[PDB]
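The next block holds one structure in the form of structure tokens; read it before the comments.
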Amino acid sequence: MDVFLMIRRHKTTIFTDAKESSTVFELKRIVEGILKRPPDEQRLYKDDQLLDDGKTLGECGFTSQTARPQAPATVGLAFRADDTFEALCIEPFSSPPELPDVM
Amino acid sequence: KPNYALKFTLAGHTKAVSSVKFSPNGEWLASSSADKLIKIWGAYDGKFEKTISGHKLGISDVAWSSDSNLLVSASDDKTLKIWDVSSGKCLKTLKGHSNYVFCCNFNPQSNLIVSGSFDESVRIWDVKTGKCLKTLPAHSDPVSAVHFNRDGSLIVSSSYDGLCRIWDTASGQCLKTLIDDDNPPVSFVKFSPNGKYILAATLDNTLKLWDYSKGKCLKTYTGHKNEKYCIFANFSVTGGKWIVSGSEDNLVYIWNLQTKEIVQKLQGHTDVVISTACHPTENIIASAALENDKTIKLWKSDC
Amino acid sequence: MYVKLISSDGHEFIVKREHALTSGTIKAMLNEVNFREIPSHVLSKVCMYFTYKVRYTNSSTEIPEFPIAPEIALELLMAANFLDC
Amino acid sequence: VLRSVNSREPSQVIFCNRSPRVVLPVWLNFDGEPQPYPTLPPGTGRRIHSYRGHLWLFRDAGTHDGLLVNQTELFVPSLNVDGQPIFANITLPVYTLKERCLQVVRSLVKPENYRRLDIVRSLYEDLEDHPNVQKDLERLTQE
């Protein structure tokens, strides 16, 4: 089963899919291939929940039903910063204009 | 065993003849046609009597009252009409169906008419008022035939949905659905004259005799062709005990009711034989054929 | 393997290159591409469409609806008209 | 043209609506004219009575958006050898992003107020180029 994800940190969003049965650690390897930082320097999140390397994505709550291609699920990403980790911080997308009169 | 031979060809309709019915008193033959006309003929000599007109589109079926005075007809124009046969006048037009009306019959008392339509409903009508007394949500596909049993207490209907259903006339309640593992469209149904059995045609070249009380099939009749048209069949009871039906190979088929073997095939029509009728007292068959023929034929047997 | 599509408001969207080639424009424009006129609440939805399109094209598993909130329809229409996808 | 043939050979069909739309089956009669039939709620099926050689297409019932049936535009009941009803699986096509955008806008603005919009004037034409079945029938037969 495929899950469809947005991995987000600051003003960065990675669109990727993964298997429900694949691990958090394997997802960090995807991030590493793109953003250089090794798995040990990453923290992945579902909302405010720190995800453990050895859990599967299914076990964290990412499933085919909750993580769809047209509506992917968000994974938060935080990097090591010197002695500790930065706080989780996802910048919101731009806001939509008010609905014109016709709607 | 029987020896039906052709005696008269009745010519006059200008399109397919849909239905032939002998009057219950044996004197008359009524025919209906895609040409929107009803015609009356002498039952023994074939002599043309009169033409009855009024419907706006073709007619599928016509039926006599018990006293041979009234006719009801069922039309693609979505109505039925009640006719005074001696004057040829339309007494009532029964309106209510939302699509083609395919079949009709009086009850034995002849105070009620039953009708079935492409619109999947069966309706019960008051002969005197012309008002619809009951609309039964009878089937989920076109209704091909409706028939009252011998005392008017039950109605049997057949439908392209594969079912025959038996209805209580007074309450409108479905008392029994005849269902089998295989459900091809049911193209015709009729109670036997004693009301204990039901003859059903299906669009797989098969006629079946059902036991109403047990709800189980007792006999099948095959060898004819029937995959397209809703062909009318009959019990022949005046001489030997036959089943009679038309056929898409332009023949009338006659089977031995008990043994189920074909005993005669009548050749003469030039198109599909879609209607047959059996005289109430004499060994006489009426048969009617489609657009490449347009005639009724009368055949007589010595038994 | 991947390309980076950058919105007008600086958000950086990283998507599979094959997925970005869904847009005929992006094929020509193309690694990195800036969209000076398309903000992030629209470009993110365009990326979702890329995912949806590639996943459900030539498949017979039941196709769901691509959802579009009313507030983003016009810009997305303009983005889609611009992107030729 | 594209028209049903009067085969008179009955054929049972399951109209199976595997789409999120209310589906409107359209029968092309023996003169090729489109006839609308009762609609199917999303995610429902109905066995129906039709005929060999009869032509059907399927649309969104409120907007006339074209839909797929067995992965194509037109459905004709074919040879049946097993006695089972033939499945007509109705599904959503993968609409272009633009086309799906037009669909959502059309659903929110009345066609009087189409040109009361802050959009490139060229897309005005695309909004009012609605899907209609006759437009496709000329398309389908000219293919």
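The first residue you see is number 1, and the count goes up from there.
The header says X-ray crystallography, 2.1 Å.
Yeah, the Cβs are placed from backbone N, Cα and C, and that goes for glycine too.
According to Swiss-Prot, the features are:
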type	residues	note
REPEAT	B:12-51	repeat 'WD 1'
CROSSLNK	B:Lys15	SUMO2 cross-link
REPEAT	B:54-95	repeat 'WD 2'
SITE	B:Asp76	site 'Important for interaction with histone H3'
SITE	B:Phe102	site 'Important for interaction with histone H3'
REPEAT	B:181-222	repeat 'WD 5'
SITE	B:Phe232	site 'Important for interaction with histone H3'
REPEAT	B:268-302	repeat 'WD 7'
SITE	B:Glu291	site 'Important for interaction with histone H3'
Site of maximum Cβ density within 10 Å, from recorded sites B:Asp76, B:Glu291: B:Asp76
Spatial neighbours of the repeat 'WD 1' (B:12-51) far in sequence, C-beta under 8 Å, 6+ residues away: 57-68, 71, 73, 75, 83, 85, 88, 232, 271, 274-282, 284, 286-291, 293-296, 298
DSSP residue counts for the repeat 'WD 7' (B:268-302), split into helix, strand and coil: 0 helix, 17 strand, 18 coil
Number of helical, extended and coil residues in the repeat 'WD 2' (B:54-95), per DSSP: 0 helix, 25 strand, 17 coil
Residue distribution over DSSP helix, strand and coil in the repeat 'WD 1' (B:12-51): 0 helix, 21 strand, 19 coil
Sparsest Cβ surroundings (other CB atoms within 10 Å) among the recorded sites B:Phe102, B:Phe232: B:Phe102
Proximal residue to B:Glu291 (site 'Important for interaction with histone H3') among recorded positions B:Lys15, B:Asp76, B:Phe102, B:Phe232 (C-alpha distance): B:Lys15
Assigned conformation of B:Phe232 (site 'Important for interaction with histone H3') - DSSP reduced to three states: coil
DSSP-assigned states of the repeat 'WD 5' (B:181-222) in counts, ordered helix, strand, coil: 0 helix, 24 strand, 18 coil
Under 8 Å by Cβ from the residue listed as 'SUMO2 cross-link', counting only residues of that chain that are 6 or more apart: B:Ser33, B:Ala34, B:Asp35, B:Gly58, B:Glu291, B:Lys294
B:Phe232 (site 'Important for interaction with histone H3') and B:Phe102 (site 'Important for interaction with histone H3'), distance between Cα atoms, whole Å: 12
Residue pair B:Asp76 (site 'Important for interaction with histone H3'), B:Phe232 (site 'Important for interaction with histone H3') - Cα distance, angstrom, rounded: 18
Collapsed DSSP category at B:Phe102 (site 'Important for interaction with histone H3'): strand
